[PDB]
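Input: a single structure, listed below in structure tokens.
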Amino acid sequence: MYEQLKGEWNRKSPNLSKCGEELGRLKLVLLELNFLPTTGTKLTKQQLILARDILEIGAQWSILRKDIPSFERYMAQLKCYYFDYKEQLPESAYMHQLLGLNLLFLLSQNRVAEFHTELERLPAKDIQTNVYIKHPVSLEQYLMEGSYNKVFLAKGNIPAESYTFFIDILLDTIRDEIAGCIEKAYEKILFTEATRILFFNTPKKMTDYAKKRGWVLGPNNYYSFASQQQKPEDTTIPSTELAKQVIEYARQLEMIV
Amino acid sequence: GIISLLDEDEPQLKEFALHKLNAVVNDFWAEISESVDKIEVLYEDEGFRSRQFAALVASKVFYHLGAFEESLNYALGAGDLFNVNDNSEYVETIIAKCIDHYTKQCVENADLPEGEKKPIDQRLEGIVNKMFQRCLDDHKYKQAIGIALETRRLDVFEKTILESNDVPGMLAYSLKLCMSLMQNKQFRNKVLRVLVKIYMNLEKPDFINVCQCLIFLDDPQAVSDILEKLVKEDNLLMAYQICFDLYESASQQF
Amino acid sequence: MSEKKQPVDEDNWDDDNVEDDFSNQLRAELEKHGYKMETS
Amino acid sequence: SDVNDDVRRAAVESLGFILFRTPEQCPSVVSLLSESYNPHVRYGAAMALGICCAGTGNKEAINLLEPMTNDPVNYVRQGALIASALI
Amino acid sequence: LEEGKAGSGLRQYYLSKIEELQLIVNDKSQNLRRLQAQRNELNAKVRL
Amino acid sequence: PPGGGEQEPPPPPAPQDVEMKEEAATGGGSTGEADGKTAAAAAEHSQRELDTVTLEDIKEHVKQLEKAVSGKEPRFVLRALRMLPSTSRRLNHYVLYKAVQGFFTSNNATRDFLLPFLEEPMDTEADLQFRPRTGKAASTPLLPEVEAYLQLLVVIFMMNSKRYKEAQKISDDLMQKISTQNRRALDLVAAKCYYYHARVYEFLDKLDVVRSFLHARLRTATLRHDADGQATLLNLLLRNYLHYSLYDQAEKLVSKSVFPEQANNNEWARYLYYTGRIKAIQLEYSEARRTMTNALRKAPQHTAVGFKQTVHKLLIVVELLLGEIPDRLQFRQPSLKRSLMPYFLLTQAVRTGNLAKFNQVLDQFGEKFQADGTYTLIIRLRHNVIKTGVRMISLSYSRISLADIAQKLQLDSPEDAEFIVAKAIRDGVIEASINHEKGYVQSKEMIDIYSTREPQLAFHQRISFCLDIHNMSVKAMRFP
Amino acid sequence: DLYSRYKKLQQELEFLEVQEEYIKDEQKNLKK
């Protein structure tokens, strides 16, 4: 009952005994009363203020500690708390920051289907104001237009934090597609093509593609492996299945008998 | 919401999840299908003692999807929480599948009396006889006698006709059911030979229907024994009648 | 038969095609022919 | 399926020997077989209708046998008159 | 309730079961009368 | 009184009689069909229900004084209808209650006495024999009561009339259901009452109790038989979720719910619009536009219905998204003609590579684009304009340089011209190839269709489909 | 009268499934 409301959160959180004490704090709130009917009665709305506040700080702790399955877990606890039948409990300022963390995490999961189906609960909070939501929908607009340069010039532009765990997964989900787009029937290119298709002036990153994949830098020349097969000759695979398709016609030109 | 809670490993949080599972399962539909997959793998290791609610809401969601066997495998696996319920639109449909699963099993097992029978759960027959007692206490015994023939069980058939409800009438409703409509002859004699049981030890000699049933069977020596008893007890009134019915109905070799 | 919705309510031979109006750039063919010749 | 006319009669005449206990099916199956193309299937359907229903006033079999006695083929009229006499 | 609470316990097993036995016979009567009159078309051709 | 008072005696007497004989003969025709030959598939239950949608909503709109709609409740307050003399005693009363109301005045409604017009008609020795009679006579006051729109102690009279009728609906499906089957009537009554149960809430609040009750009615349905009951209760559960923000509950609903292939060409038009809206928003476009087409070309026998105006409205929006050029001037029909100015002006700037006009069209018509419900173009049309220009070049040209296309698309960067076409081939906008040597962007192979099985793949979709048209037409035609 | 009807609905079902069979079978041989 009112146990460690604001501990070591404003400055640092190096300890892990805070996590179990918050976990015991997550026990006692759910041992008090269930949030399932949720009709009225501002008394039980007081403990809905506290329960949503101790998970938003639990979400900030979860993104700080490099934890992916918990950051979706504490957000799903909060997003089910925003799903209220009789929605009340007036405006918390951490709400617009929280949806920006969820939507950018959903953009980082390579979820383009889930990205757009979330964008209905904000009526006019996408264009007029709310840069926390405006920054991913500007970013997703940049990926659809085709400007990779505009993506990374805005990578050093964040409203609140550094968005560090979000841009690095965003850095991960682009380059493998760029590696997926260059691994084709291409035979060889020089270093200046990887200066344009890829990026920086000889970092350890090109070693990472050299140690994991190929792209062996020899006499200032990369070597990407490539081949092709040949198949117009097989009339035999449309021989068996076409014979099935012709008979199932003639099976069905009769037989309602 | 509940998916987040079932990703952790305290039984005090398992109790608060299942309390929300069985409460709003009519609203929370197949969104929970990822969570039930975590219920099913964690069903193999029970660990804690609240596996009954886990098997309960597993049936609740498989009914909404339409799975009927797995709704019944977890209806039997539920236990006391499943048995105590008798007033729901949900509980009445799954026992109707259970009797349907039971009566297609016994007719399957009726074709093989010689070994190789399927193993029968005690919990499926725990609600068969429980519903039979509901059929007895309702005082509508036509409901009781209908399942008692579809179950291929004879002593529950004997128990109904031995009861002092409507002793000639309900028994004659039972004979009219078996004499008019019948397709299988394997249990036809078994129903026939248990009819002539109740005419013997009831109160009184009524030796017109037993001779009628033994014409329908092949008992030459068992008619001649009770015809000797009619002469021995100095009863030539109905004995003169019953030999004409034996002459008129049966023709030759009997 | 309402479907739970709302209603709001040559050039006229019920003709057109896909473009028919898309070009309007200088669209007189006396100039476009003439400008082409003098640039030679 | 079979092509000899005698076995086609003895097939459709066997309806009465198997369905005499329930008279509510013999008019349902003769009435569409008693309008076949050959006289033999029309013949054996007529005798099956008489031997199925022994002594019940049907008014449906009598409805079915009424055009059966009005046929140009001679022996299919014969089987109508016997089945009318049986019913 | 001797009959009220029991209407959904033992009698409901029959009344909710006969409806499938009622509608399929009602549905296949549309199907049975289809096949008969189709047979009456072709039998009228062969006789003529 | 001198001008309009002379036109007061002609409107009552003949429409009071001729409408009453129709619903009584059909109500008598519903009775004999309920009593015998319950196979009522082509019976007058449908056409009378086709009347109750059309005629009673466009003919009368008020409670029709001089005892036309107000007088039916004191007419029907005294009904038993159990035994053959008891019915004929009531059949004596049917003539007498019409003769007094036809000659003189009997009993008047003053917009407040609905409680004596709803309990005592339900009371006074009523039975459970004539259930569509009790169903229609309870649903017939539901139309003028809402259509009056007076709002003076009317919502609770609606609320009492709903909960009474919903209690009557439970008592039919559970108690004495033997050969009654009013589901063909009780579905649309459930649909029309929930429209009023939503709109009256929508004057003042949201609706949540209407859907928790709707989940229960679908739960106690879906086990018996699916004959348009589960169909109409599905869309009511789906229209509300599409009305609010959430799409996930509709997504799990549309996922696993099989269909009875029987909804009498009235729900098939509606449902194929809703699931086309759903597959649009989860970015499954090719399957969406064909079933958006399938609802539009289903029933064009409607005159300014708004629905045909709306399914046509979204269909041109999604065909812009595939770059499949929705018909550049064919969509001006005499039906709508006015709901195209925010869209004919839209597809003009989408076709060209102009943006300052396209920002002008979007900013001017942005209030329209939010009100109709298609403000999901704001993120999906900047992608379309930049891919339209590269699609037009790849369709026209065959071998273009990267420097030539970068200056053609007013981009001023020959270093991401390789990046645009790479996203074009990855997304499948055009099949091409980039030679990363000096700027060669070549086209495809020489087009041969008729020699590599391609006519067989188109024709095999046609043979198996049109014989299925034949097999469906054979299993519908014969009747007694 | 809740069990005596229930077997009668089966026998009307089983006869009708036979009566739909051979008429459907006869139409093949009547084309011959």
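Chains as they are written, first to last, in PDB author numbering: chain W, 1 to 257; chain R, 7 to 260; chain A, 1 to 9, 40 to 70; chain Z, 608 to 694; chain E, 11 to 58; chain X, 18 to 497; chain F, 39 to 70. Using N, Cα and C, we set each Cβ at its ideal position, and we do this for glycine too.
Item to check | Endpoints, alpha helix (DSSP H) assigned at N670 (chain Z) | outcome: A668 to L672
Checklist entry - Where are the alpha helix (DSSP H) runs, 4 residues long or more, that stay fully inside the region 53-137 of chain X, in chain order? => result 61-75, 89-92 and 101-120
Checklist entry - Distance, Cα to Cα, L101 (chain W) vs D84 (chain W)? => result 21 Å
Next on the checklist: Please report the distance separating the alpha-carbon of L198 (chain R) from that of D251 (chain R).
Outcome noted: 19 Å
Checklist entry - Can you tell me whether DSSP reads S65 (chain R) as helix, strand or coil? => result helix
Checklist entry - Can you tell which of X:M358, X:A184, X:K455 and X:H214 has its C-alpha closest to the C-alpha of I173 (chain X)? => result X:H214
Next on the checklist: Can you tell me where the alpha helix (DSSP H) holding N190 (chain R) begins and where it ends?
Outcome noted: Careful: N190 (chain R) lies outside any alpha helix (DSSP H) and carries neither H nor E.
Next on the checklist: Suppose you measure from the CA of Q65 (chain F) to the CA of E50 (chain F); what does that come to, to the nearest Å?
Outcome noted: 23 Å
Item to check | Three-state secondary structure assigned by DSSP to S450 (chain X) | outcome: strand
Checklist entry - Is it the case that the Cβ atoms of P634 (chain Z) and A655 (chain Z) are separated by a distance below 8 Å? => result no
Checklist entry - Is the beta carbon of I221 (chain R) less than 8 Å from the beta carbon of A178 (chain R)? => result no
Checklist entry - When DSSP builds the beta bridges, which residues end up paired with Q459 (chain X)? => result X:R416 and X:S450
Next on the checklist: Let's see if you can read the secondary structure: which residues bound the alpha helix (DSSP H) around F220 (chain X)?
Outcome noted: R200 to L221
Next on the checklist: Rounding to the nearest angstrom, what Cα-Cα distance links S643 (chain Z) and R43 (chain E) in this structure?
Outcome noted: 17 Å
Checklist entry - Residues of chain X with a CB under 7 Å from the CB of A47 (chain E): which are they? => result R495
Next on the checklist: Let's test the definition: count the other Cβ atoms within 10 Å of the Cβ of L132 (chain X) and tell me whether it reaches 16, buried, or not, exposed.
Outcome noted: exposed
Checklist entry - Excluding five sequence neighbours on each side, which residues of the same chain lie with their C-beta closer than 8 Å to the C-beta of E435 (chain X)? => result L419, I451 and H453
Next on the checklist: Using the three-state DSSP reduction, which class does residue 5 (chain R) fall into: helix, strand or coil?
Outcome noted: The question about residue 5 (chain R) has no answer, for chain R in this structure spans 7 to 260.
Next on the checklist: Assuming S47 (chain X) and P149 (chain X) are in contact, meaning their beta carbons sit under 8 Å apart, how far apart are those beta carbons, in whole angstroms?
Outcome noted: 5 Å
Checklist entry - Do we get a CB-CB distance below 8 Å when we pair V131 (chain W) with the residues of chain X? => result no
Checklist entry - Under a three-way DSSP split, which group does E183 (chain W) fall into? => result coil
Checklist entry - Exposed or buried, what is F120 (chain X) when buried is set at 16 or more other beta-carbons lying within 10 Å of its beta-carbon? => result exposed
Item to check | DSSP state of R213 (chain W) mapped onto helix, strand, coil | outcome: coil
Item to check | Contact set for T197 (chain X): own chain, Cβ-Cβ below 7 Å, skip 5 residues either direction | outcome: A51, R148 and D189
Checklist entry - Is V619 (chain Z) buried or exposed, if buried means 16 or more other CB atoms sit within 10 Å of its CB? => result buried
Next on the checklist: Rounding to the nearest angstrom, what Cα-Cα distance links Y218 (chain X) and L224 (chain X) in this structure?
Outcome noted: 6 Å
Item to check | chain X contacts from the region 21-51 of chain R (Cβ-Cβ distance under 7 Å) | outcome: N32, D33, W35, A36 and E37
Checklist entry - Helix, strand or coil: how does DSSP classify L338 (chain X) here? => result helix
Checklist entry - At a cut-off of 7 Å, is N195 (chain R) close to the ligand GTP when judged by its beta-carbon and the heavy atoms of the ligand? => result Ligands displayed in this structure: none; no statement on the ligand GTP is therefore possible.
Checklist entry - What separation, rounded to the nearest whole angstrom, lies between the Cα atoms of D465 (chain X) and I247 (chain W)? => result 28 Å
Checklist entry - Would the beta-carbon of residue 528 (chain X) fall within 8 Å of that of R294 (chain X)? => result Only positions 18 to 497 of chain X appear in this structure, which leaves residue 528 (chain X) out of reach.
Next on the checklist: With three or more C-beta pairs closer than 8 Å as the rule, is the region 186-196 of chain W touching the region 219-226 of chain W?
Outcome noted: yes
Item to check | Euclidean distance between Cα positions of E142 (chain X) and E136 (chain X) | outcome: 12 Å
Checklist entry - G46 (chain X) by DSSP, collapsed to three states: which one? => result helix
Checklist entry - With distances taken from CA atoms, which of X:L412, X:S415, X:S413 and X:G406 is nearest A423 (chain X)? => result X:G406
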